[PDB]
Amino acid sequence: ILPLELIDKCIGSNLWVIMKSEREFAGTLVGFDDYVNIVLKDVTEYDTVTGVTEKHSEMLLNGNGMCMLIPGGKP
């Protein structure tokens, strides 16, 4: 299984992104580029130290800090 093919197979579906810091995003994967900068839509952003969440309709996430990409979104 190739990592980026799994990500590409997730387009249109939910994707859970876990940053190196205590921050996470979960939303519909619109797309991504050669550095895995990611466009998500209908997104919830999580601060996992404070527990505060925010919503975003559509966003481009800088891939620099991304540790993990989990297809199927977040429980």
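Residue numbers here begin at 1 and follow the sequence given.
- For the cut-off of one third of the other compared entries, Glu45 stays well clear, since all of them model it along with its flanks.
- Missing-residue comparison: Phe32 falls in the unmodelled set for none of the other PDB entries checked, so it is not missing from a third of them.
- The question of which stretch, 31-39 or 46-54, has the higher mean Cα B factor is settled in favour of 46-54.
- When the modelled residues of the chain are ordered by C-alpha B-factor, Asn64 sits in the middle third.
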